[PDB]
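Please read the structure below before turning to the comments.
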Amino acid sequence: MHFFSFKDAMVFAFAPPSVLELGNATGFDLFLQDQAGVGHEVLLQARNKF
Amino acid sequence: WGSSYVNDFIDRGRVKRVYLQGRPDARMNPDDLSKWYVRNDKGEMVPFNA
């Protein structure tokens with residue numbers, strides 16, 4: 001709440017997940033990969049469509 | 001004659017290599033070897049058989 005105000009700096013605020021050693025214990029995690037050499041731009045828009 | 005690996009370059013997003021070498025026909029028979037000129041200290045193109 002206190003920081004929701006700012007219209008000039010996104011500011012997440014969160015607890016660490018219990019076994020620090022493991023980074024982020026929630027939900028899911030994936031990489032999208034440029035296999036057929038399509039380039040950063042296409043890749044960037046595949047990210048954004050997704 | 002021996003090819004040369006000068007430095008690298010990008011191709012479809014990969015680091016590959018750039019090779020310098022005499023074209024096929026100026027390195028096939030030992031006369032093609034004479035065809036090659038070297039610049040000398042006072043600026044002039046000397047042939048190999050010299």
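Just remember, in the structure tokens the first chain shown is A, the second B, etc., residues are 1-based per chain, and ligands are 1-based in the order shown.
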- For stretch 20-27 of chain B, list every protein, DNA or RNA residue within 8 Å, evaluated using only C-alpha atoms, and leave out those in the same chain fewer than 2 positions away; present the list as a ChimeraX atom specification. /B:1-6,18,29-30,32-33,35
Write to file, as a PDB file, in the first residue's frame, the residues of the selection just made, with C-alpha atoms.
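Result file follows (result_18.pdb):
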```
ATOM      1  CA  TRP B   1      48.168 -20.555 -48.723  1.00  0.00           C
ATOM      2  CA  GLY B   2      47.705 -21.742 -45.166  1.00  0.00           C
ATOM      3  CA  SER B   3      44.356 -20.050 -44.568  1.00  0.00           C
ATOM      4  CA  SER B   4      43.992 -17.614 -41.739  1.00  0.00           C
ATOM      5  CA  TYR B   5      41.652 -17.297 -38.796  1.00  0.00           C
ATOM      6  CA  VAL B   6      41.503 -13.474 -38.462  1.00  0.00           C
ATOM      7  CA  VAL B  18      36.236 -15.586 -40.593  1.00  0.00           C
ATOM      8  CA  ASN B  29      50.613 -25.735 -59.032  1.00  0.00           C
ATOM      9  CA  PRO B  30      53.997 -24.414 -57.805  1.00  0.00           C
ATOM     10  CA  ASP B  32      50.719 -20.197 -58.929  1.00  0.00           C
ATOM     11  CA  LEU B  33      53.131 -19.696 -56.044  1.00  0.00           C
ATOM     12  CA  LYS B  35      51.908 -15.189 -58.856  1.00  0.00           C
TER      13      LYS B  35
END
```
Within 10 Å of chain A, which residues belong to chain B? Use only C-alpha atoms and report them as number ranges by chain. B: 11-14
With a distance cut-off of 12 Å and only C-alpha atoms, select the neighbouring residues of residue B:37, excluding the residue or stretch itself and same-chain residues fewer than 2 positions from it, and output the selection as a PDB file with N, CA, C and O atoms, in the first residue's frame.
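Wrote part-v6.pdb, looks like this:
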```pdb
ATOM      1  N   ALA B  26      45.085 -19.779 -57.419  1.00  0.00           N
ATOM      2  CA  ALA B  26      46.416 -19.177 -57.211  1.00  0.00           C
ATOM      3  C   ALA B  26      47.207 -19.924 -56.146  1.00  0.00           C
ATOM      4  O   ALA B  26      48.125 -19.358 -55.529  1.00  0.00           O
ATOM      5  N   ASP B  32      51.698 -21.003 -59.676  1.00  0.00           N
ATOM      6  CA  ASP B  32      50.719 -20.197 -58.929  1.00  0.00           C
ATOM      7  C   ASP B  32      51.391 -19.552 -57.708  1.00  0.00           C
ATOM      8  O   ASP B  32      51.058 -18.445 -57.301  1.00  0.00           O
ATOM      9  N   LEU B  33      52.363 -20.247 -57.138  1.00  0.00           N
ATOM     10  CA  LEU B  33      53.131 -19.696 -56.044  1.00  0.00           C
ATOM     11  C   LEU B  33      53.930 -18.442 -56.396  1.00  0.00           C
ATOM     12  O   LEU B  33      54.234 -17.635 -55.523  1.00  0.00           O
ATOM     13  N   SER B  34      54.289 -18.279 -57.665  1.00  0.00           N
ATOM     14  CA  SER B  34      55.072 -17.105 -58.070  1.00  0.00           C
ATOM     15  C   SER B  34      54.194 -15.880 -58.235  1.00  0.00           C
ATOM     16  O   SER B  34      54.584 -14.763 -57.910  1.00  0.00           O
ATOM     17  N   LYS B  35      52.997 -16.136 -58.737  1.00  0.00           N
ATOM     18  CA  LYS B  35      51.908 -15.189 -58.856  1.00  0.00           C
ATOM     19  C   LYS B  35      51.698 -14.225 -57.647  1.00  0.00           C
ATOM     20  O   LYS B  35      50.986 -13.223 -57.767  1.00  0.00           O
ATOM     21  N   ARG B  39      54.989  -6.569 -50.651  1.00  0.00           N
ATOM     22  CA  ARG B  39      55.508  -5.190 -50.629  1.00  0.00           C
ATOM     23  C   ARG B  39      56.841  -5.103 -49.901  1.00  0.00           C
ATOM     24  O   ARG B  39      56.997  -5.669 -48.815  1.00  0.00           O
ATOM     25  N   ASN B  40      57.778  -4.372 -50.510  1.00  0.00           N
ATOM     26  CA  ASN B  40      59.136  -4.183 -49.987  1.00  0.00           C
ATOM     27  C   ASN B  40      59.362  -2.799 -49.350  1.00  0.00           C
ATOM     28  O   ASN B  40      58.648  -1.856 -49.679  1.00  0.00           O
ATOM     29  N   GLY B  43      58.266   0.493 -50.764  1.00  0.00           N
ATOM     30  CA  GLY B  43      56.926   0.588 -51.329  1.00  0.00           C
ATOM     31  C   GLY B  43      56.601  -0.150 -52.607  1.00  0.00           C
ATOM     32  O   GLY B  43      55.647   0.216 -53.280  1.00  0.00           O
ATOM     33  N   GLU B  44      57.349  -1.200 -52.944  1.00  0.00           N
ATOM     34  CA  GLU B  44      57.160  -1.834 -54.257  1.00  0.00           C
ATOM     35  C   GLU B  44      56.928  -3.345 -54.268  1.00  0.00           C
ATOM     36  O   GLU B  44      57.582  -4.094 -53.563  1.00  0.00           O
ATOM     37  N   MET B  45      56.009  -3.767 -55.121  1.00  0.00           N
ATOM     38  CA  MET B  45      55.559  -5.147 -55.212  1.00  0.00           C
ATOM     39  C   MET B  45      56.546  -6.130 -55.867  1.00  0.00           C
ATOM     40  O   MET B  45      56.587  -6.242 -57.078  1.00  0.00           O
ATOM     41  N   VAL B  46      57.299  -6.865 -55.053  1.00  0.00           N
ATOM     42  CA  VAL B  46      58.268  -7.899 -55.492  1.00  0.00           C
ATOM     43  C   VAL B  46      57.587  -9.274 -55.687  1.00  0.00           C
ATOM     44  O   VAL B  46      56.829  -9.698 -54.814  1.00  0.00           O
ATOM     45  N   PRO B  47      57.850  -9.985 -56.815  1.00  0.00           N
ATOM     46  CA  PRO B  47      57.253 -11.336 -56.983  1.00  0.00           C
ATOM     47  C   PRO B  47      58.003 -12.422 -56.200  1.00  0.00           C
ATOM     48  O   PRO B  47      59.084 -12.171 -55.660  1.00  0.00           O
ATOM     49  N   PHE B  48      57.436 -13.621 -56.129  1.00  0.00           N
ATOM     50  CA  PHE B  48      57.973 -14.631 -55.222  1.00  0.00           C
ATOM     51  C   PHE B  48      59.244 -15.286 -55.746  1.00  0.00           C
ATOM     52  O   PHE B  48      60.210 -15.506 -54.996  1.00  0.00           O
ATOM     53  N   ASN B  49      59.227 -15.573 -57.046  1.00  0.00           N
ATOM     54  CA  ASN B  49      60.371 -16.133 -57.744  1.00  0.00           C
ATOM     55  C   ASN B  49      61.567 -15.179 -57.816  1.00  0.00           C
ATOM     56  O   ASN B  49      62.601 -15.519 -58.378  1.00  0.00           O
ATOM     57  N   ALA B  50      61.429 -13.992 -57.240  1.00  0.00           N
ATOM     58  CA  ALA B  50      62.550 -13.073 -57.137  1.00  0.00           C
ATOM     59  C   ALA B  50      63.517 -13.554 -56.068  1.00  0.00           C
ATOM     60  O   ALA B  50      64.716 -13.311 -56.150  1.00  0.00           O
TER      61      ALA B  50
END
```
Original post:
Hey, what does DSSP flag as strand (DSSP E or B) within chain B? Can you give it to me as a list in words?
Top reply: residues 4, 5, 6, 7, 8, 9, 10, 11, 14, 15, 16, 17, 18, 19, 20, 37, 38, 39, 40, 44, 45, 46 and 47 of chain B
Would you output that residue set with N, CA, C and O atoms, as a CSV table (one decimal), in the first residue's frame?
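Printed below is result_34.csv as written:
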```csv
chain,number,residue,atom,x,y,z
B,4,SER,N,43.8,-18.3,-43.0
B,4,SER,CA,44.0,-17.6,-41.7
B,4,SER,C,42.7,-17.3,-41.0
B,4,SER,O,41.7,-16.9,-41.6
B,5,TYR,N,42.7,-17.6,-39.7
B,5,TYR,CA,41.7,-17.3,-38.8
B,5,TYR,C,41.9,-15.9,-38.3
B,5,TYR,O,42.8,-15.7,-37.4
B,6,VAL,N,41.2,-14.9,-38.8
B,6,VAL,CA,41.5,-13.5,-38.5
B,6,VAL,C,40.8,-13.0,-37.2
B,6,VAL,O,41.4,-12.4,-36.3
B,7,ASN,N,39.5,-13.3,-37.1
B,7,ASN,CA,38.7,-13.0,-35.9
B,7,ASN,C,37.3,-13.5,-36.2
B,7,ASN,O,37.1,-14.2,-37.2
B,8,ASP,N,36.3,-13.2,-35.3
B,8,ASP,CA,35.0,-13.8,-35.4
B,8,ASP,C,33.9,-12.9,-35.9
B,8,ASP,O,34.1,-11.8,-36.1
B,9,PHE,N,32.7,-13.5,-36.2
B,9,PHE,CA,31.6,-12.8,-36.7
B,9,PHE,C,30.3,-13.5,-36.3
B,9,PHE,O,30.3,-14.6,-35.8
B,10,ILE,N,29.2,-12.8,-36.5
B,10,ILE,CA,27.9,-13.4,-36.2
B,10,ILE,C,27.2,-13.9,-37.4
B,10,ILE,O,27.3,-13.3,-38.4
B,11,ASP,N,26.5,-15.0,-37.3
B,11,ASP,CA,25.7,-15.6,-38.3
B,11,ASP,C,24.4,-16.2,-37.7
B,11,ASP,O,24.5,-17.1,-36.9
B,14,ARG,N,25.0,-16.6,-34.1
B,14,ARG,CA,26.0,-17.5,-33.6
B,14,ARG,C,27.3,-16.9,-33.8
B,14,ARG,O,27.5,-16.2,-34.8
B,15,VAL,N,28.3,-17.2,-33.0
B,15,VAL,CA,29.7,-16.8,-33.2
B,15,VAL,C,30.3,-17.9,-34.1
B,15,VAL,O,30.3,-19.1,-33.8
B,16,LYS,N,30.7,-17.5,-35.3
B,16,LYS,CA,31.4,-18.4,-36.2
B,16,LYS,C,32.6,-17.6,-36.6
B,16,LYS,O,32.9,-16.5,-36.1
B,17,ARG,N,33.4,-18.1,-37.6
B,17,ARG,CA,34.7,-17.6,-37.8
B,17,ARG,C,34.9,-17.0,-39.2
B,17,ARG,O,34.3,-17.4,-40.2
B,18,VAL,N,35.9,-16.1,-39.3
B,18,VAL,CA,36.2,-15.6,-40.6
B,18,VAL,C,37.6,-16.0,-41.1
B,18,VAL,O,38.7,-15.7,-40.4
B,19,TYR,N,37.7,-16.7,-42.2
B,19,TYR,CA,38.9,-17.2,-42.7
B,19,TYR,C,39.4,-16.5,-44.0
B,19,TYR,O,38.6,-16.4,-45.0
B,20,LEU,N,40.7,-16.1,-44.0
B,20,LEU,CA,41.3,-15.5,-45.1
B,20,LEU,C,42.3,-16.5,-45.8
B,20,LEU,O,43.0,-17.2,-45.1
B,37,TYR,N,52.7,-11.5,-54.7
B,37,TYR,CA,53.6,-10.3,-54.5
B,37,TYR,C,53.7,-9.8,-53.1
B,37,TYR,O,52.6,-9.8,-52.4
B,38,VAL,N,54.9,-9.5,-52.7
B,38,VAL,CA,55.1,-8.9,-51.3
B,38,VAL,C,55.6,-7.5,-51.4
B,38,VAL,O,56.5,-7.2,-52.2
B,39,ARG,N,55.0,-6.6,-50.7
B,39,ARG,CA,55.5,-5.2,-50.6
B,39,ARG,C,56.8,-5.1,-49.9
B,39,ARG,O,57.0,-5.7,-48.8
B,40,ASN,N,57.8,-4.4,-50.5
B,40,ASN,CA,59.1,-4.2,-50.0
B,40,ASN,C,59.4,-2.8,-49.3
B,40,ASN,O,58.6,-1.9,-49.7
B,44,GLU,N,57.3,-1.2,-52.9
B,44,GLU,CA,57.2,-1.8,-54.3
B,44,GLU,C,56.9,-3.3,-54.3
B,44,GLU,O,57.6,-4.1,-53.6
B,45,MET,N,56.0,-3.8,-55.1
B,45,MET,CA,55.6,-5.1,-55.2
B,45,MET,C,56.5,-6.1,-55.9
B,45,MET,O,56.6,-6.2,-57.1
B,46,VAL,N,57.3,-6.9,-55.1
B,46,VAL,CA,58.3,-7.9,-55.5
B,46,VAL,C,57.6,-9.3,-55.7
B,46,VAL,O,56.8,-9.7,-54.8
B,47,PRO,N,57.8,-10.0,-56.8
B,47,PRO,CA,57.3,-11.3,-57.0
B,47,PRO,C,58.0,-12.4,-56.2
B,47,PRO,O,59.1,-12.2,-55.7
```
As a PDB file with C-alpha atoms, in the first residue's frame, which residues of chain A does DSSP assign to helix (DSSP H, G or I)?
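Final output, states-v4.pdb:
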```pdb
ATOM      1  CA  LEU A  20      16.172 -19.507   0.541  1.00  0.00           C
ATOM      2  CA  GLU A  21      18.597 -21.948  -1.092  1.00  0.00           C
ATOM      3  CA  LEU A  22      15.786 -22.728  -3.650  1.00  0.00           C
ATOM      4  CA  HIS A  40      15.853 -11.156 -30.690  1.00  0.00           C
ATOM      5  CA  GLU A  41      12.958  -9.211 -32.122  1.00  0.00           C
ATOM      6  CA  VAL A  42      10.766 -12.177 -32.982  1.00  0.00           C
ATOM      7  CA  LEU A  43      11.715 -13.784 -29.756  1.00  0.00           C
ATOM      8  CA  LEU A  44      10.739 -10.564 -27.895  1.00  0.00           C
ATOM      9  CA  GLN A  45       7.313 -10.646 -29.523  1.00  0.00           C
ATOM     10  CA  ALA A  46       6.831 -14.351 -28.884  1.00  0.00           C
ATOM     11  CA  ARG A  47       7.395 -13.404 -25.191  1.00  0.00           C
ATOM     12  CA  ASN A  48       4.828 -10.675 -25.456  1.00  0.00           C
ATOM     13  CA  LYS A  49       2.198 -12.700 -27.266  1.00  0.00           C
TER      14      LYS A  49
END
```
Between atom CA of residue A:33 and atom CA of residue A:50 lies a distance of 12.5 Å
